[PDB]
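Participant: Pasting the sequence and an experimental structure:
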There are 2 protein chains.
Amino acid sequence: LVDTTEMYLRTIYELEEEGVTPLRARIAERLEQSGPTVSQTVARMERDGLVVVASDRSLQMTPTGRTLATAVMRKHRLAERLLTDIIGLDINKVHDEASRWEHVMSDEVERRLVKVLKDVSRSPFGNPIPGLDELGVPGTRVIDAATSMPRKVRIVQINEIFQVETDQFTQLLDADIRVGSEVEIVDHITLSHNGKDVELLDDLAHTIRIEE
Amino acid sequence: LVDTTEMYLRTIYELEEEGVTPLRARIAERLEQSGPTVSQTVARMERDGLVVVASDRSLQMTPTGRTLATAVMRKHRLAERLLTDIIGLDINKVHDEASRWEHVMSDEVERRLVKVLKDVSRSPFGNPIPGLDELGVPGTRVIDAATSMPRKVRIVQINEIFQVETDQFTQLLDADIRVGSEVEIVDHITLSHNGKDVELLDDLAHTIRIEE
């Protein structure tokens, strides 16, 4: 959990954020790791397809690397909000505490935070909290979201347009399940609504989007 | 932070707690680590003086090992309280989330929690939260607590009885500093009170106890 790649990606994100060119020496300095250690960490982050060292020797985050960096910063900043507004930790300690929490905070906890905190637009240090959008502030496909224990979620998309199988359209219509419909899900993928039970086919089990 | 020793000590604490004999196989099972891995982890926890394998091959925690185990469980359980009462995380996820947070939660955060939570006597799973006493629910000696930036703390003990140096007794008396006196501290160790400033001698800087 508490990992290096997450820490490096956040650092790149920050420098980028402060308008600084993400150069390896700048990163080594901030993270207080030797230049040889960063060179080798960057060397393997490059193999995971998270970063690429541009011609000018600056670190360009790949789309995947950037998405990960964004989740880390969102978690870090939501941690800061929780620590100051709710917990009341001394403002002088908040940042260093949030730097450890960012690696162990789950998506599920972030969603709850986003709901219990008064304001999640900025961290107490003035910077905006990124990626709130990924937190329903499209959606999880049921095959991934659906657990062995029912959980009422909301249908975001059906994607009938991508269905080669249309046999269950009326089944959903009779079931009264559409975009915005609070439904019960169990993982074949059975999704209940209005007392009518619908066992989704694989194609539908893969393209229907929901939000917790 | 997120470490093995902490995890093992907590496991021993739990088994002990549930009345189970802390045997290595029981621990390997619960932690889902092979028997050889636990043998070697226990083998080095024994060298750190945290655990001793009793004659019957059961693990007896040393006083130091037990104190550490207690802090880990207190943190873990205060995390559970925070996650259910404040955050509202699903009761089915609370334990596994708290198991990661226990390694990154600072003492300073625990004290704040103890203040912001309605009840810290038990975790939502029915077990008591241990070591609250270590959280002021005696004290930190100023030499360790005193930081470069003043912070009004409360004097818990003076320990005049252990002072070979008595030159500053009247200095404190004139300073009106005693057990219960809210004082300002800066780290020689200067502790202000009622506008009068007292630069403690080493012996006093080491034995005076305070609580944040």
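Facilitator: Nice, I can see it. Numbers count the residues shown, from 1 in each chain, chains lettered A, B, ... in the order given.
Participant: what does chain A have sitting close to chain B?
Facilitator: Proximity of chain A to chain B (Cβ under 8 Å from any Cβ of the partner chain) is limited to residues A:1-2, A:83, A:86-90, A:92-93, A:97, A:100-101, A:103-104, A:106, A:108-109, A:112-113, A:115-116, A:149. Where C-beta positions appear, they are placed from N, C-alpha and C, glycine not excepted.
Participant: Select only the buried ones of these in ChimeraX?
Facilitator: Only the buried entries of those go into this ChimeraX selection, using 16 or more other Cβ atoms under 10 Å in any protein chain shown:
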select /A:2,83,86,87,89,97,100,101,103,104,106,109,112,113
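Participant: measure the closest residue to residue A:142 other than its chain neighbours to chain B for me?
Facilitator: Nearest residue to residue A:142 in three dimensions, chain neighbours excluded: residue A:208, at 4.9 Å (Cβ to Cβ, 6 or more residues apart in numbering or on different chains). The spacing between residue A:208 and chain B, counted by Cβ to the nearest Cβ, to the nearest Å, is 22 Å.
Participant: all strands for chain A, in order.
Facilitator: Ranges of strands within chain A are A:51-53, A:59-61, A:140-141, A:153-157, A:182-186, A:190-193, A:196-199, A:209-211, based on DSSP state E.
Participant: Just send those back as a markdown table, with mean neighbour count too.
Facilitator: Below are those laid out as a markdown table (neighbours: other Cβ atoms under 10 Å in any protein chain shown):
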| stretch | mean neighbour count |
| --- | --- |
| strand A:51-53 | 19 |
| strand A:59-61 | 20 |
| strand A:140-141 | 17 |
| strand A:153-157 | 19 |
| strand A:182-186 | 18 |
| strand A:190-193 | 20 |
| strand A:196-199 | 14 |
| strand A:209-211 | 19 |
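Participant: got CSV for these, with distance to residue B:212 too?
Facilitator: As requested, the strands of chain A are exported to CSV (distance: least, Cβ to Cβ, whole Å):
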stretch, distance to residue B:212
strand A:51-53, 41
strand A:59-61, 41
strand A:140-141, 43
strand A:153-157, 44
strand A:182-186, 47
strand A:190-193, 52
strand A:196-199, 57
strand A:209-211, 42
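Participant: Out of the ones you listed, which gets nearest to residue B:171?
Facilitator: Shortest distance between residue B:171 and these, using Cβ to Cβ, is found for strand A:59-61: 57.5 Å.
Participant: partners of the closest one, with directions?
Facilitator: strand A:51-53 (antiparallel) (DSSP bridges).
Participant: residues making contact with the partner strand?
Facilitator: Contact partners of strand A:51-53, identified using Cβ atoms under 8 Å, 6 or more residues apart in numbering or on different chains, comprise A:8, A:9, A:12, A:24, A:42, A:45, A:46, A:59, A:60, A:61, A:62, A:65.
Participant: now swap in stretch A:165-184 and tell me
Facilitator: With contacts defined as Cβ under 8 Å, 6+ apart, stretch A:165-184 is touched by A:150-158, A:160, A:163, A:191-194, A:196, A:198, A:200-201, A:203-204, A:210.
Participant: just how off-centre is that stretch within its chain?
Facilitator: Put simply, stretch A:165-184 sits 28 Å off its chain's centre (Cα atoms, centre = their mean, to the nearest Å).
Participant: The residue most central in space within chain A - nearest residue in space that isn't next to it in sequence?
Facilitator: Nearest residue to the geometric centre of chain A (Cα atoms, centre = their mean): residue A:71, 4.7 Å. For residue A:71, ignoring the flanking residues on the chain, the nearest one in space by Cβ to Cβ, 6+ apart is residue A:131 at 6.1 Å.
Participant: Residue A:76 is in contact with that neighbour, correct?
Facilitator: No - applying Cβ atoms under 8 Å, one finds residue A:131 not in contact with residue A:76, separated by 11.1 Å.
Participant: higher neighbour count, these two?
Facilitator: residue A:76 (24 against 18; other Cβ atoms under 10 Å in any protein chain shown).
Participant: I'd guessed that one sits against residue A:10; true?
Facilitator: Yes - here residue A:76 reaches residue A:10: they are 6.6 Å apart, a contact under Cβ under 8 Å.
Participant: Mutual contacts of those two, please.
Facilitator: Common contact partners of residue A:76 and residue A:10 (Cβ under 8 Å, 6+ apart): residue A:102.
Participant: I'd like to know how many residues surround the closest residue to residue A:56 other than its chain neighbours.
Facilitator: Leaving aside its sequence neighbours, residue A:56 sits nearest to residue A:21 (Cβ to Cβ, 6+ apart; 8.0 Å). For residue A:21, the count of nearby residues is 12 (other Cβ under 10 Å).
Participant: Show the contacting residues for residue A:21.
Facilitator: Taking Cβ under 8 Å, 6+ apart, one finds A:15, A:56, A:58 in contact with residue A:21.
Participant: can you rerun that using 10 Å?
Facilitator: Contacts of residue A:21 were listed using Cβ atoms under 10 Å, 6 or more residues apart in numbering or on different chains, and they are A:15, A:54, A:56, A:57, A:58, A:59.
Participant: Among the contacts of strand A:51-53, pick out the one closest to chain B, please.
Facilitator: residue A:8 (17.2 Å; Cβ to the nearest Cβ).
Participant: Go ahead and confirm the closest one touches residue A:69.
Facilitator: Yes - using Cβ atoms under 10 Å, residue A:8 is in contact with residue A:69, at 8.9 Å.
Participant: and for these two, which residues touch both?
Facilitator: Here residue A:8 and residue A:69 share the contacting residues A:50, A:51, scored by Cβ under 10 Å, 6+ apart.
Participant: Would you map the helices across chain A?
Facilitator: Taking DSSP state H as the criterion, chain A contains helices spanning A:4-17, A:24-31, A:35-47, A:63-81, A:94-101, A:107-116, A:142-145, A:169-175, A:202-207.
Participant: With distance to residue B:126 added, can I get the ones you listed in a markdown table?
Facilitator: Compiled in a markdown table, those are given as follows (distance: least, Cβ to Cβ, whole Å):
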| stretch | distance to residue B:126 |
| --- | --- |
| helix A:4-17 | 34 |
| helix A:24-31 | 42 |
| helix A:35-47 | 44 |
| helix A:63-81 | 28 |
| helix A:94-101 | 26 |
| helix A:107-116 | 22 |
| helix A:142-145 | 31 |
| helix A:169-175 | 40 |
| helix A:202-207 | 38 |
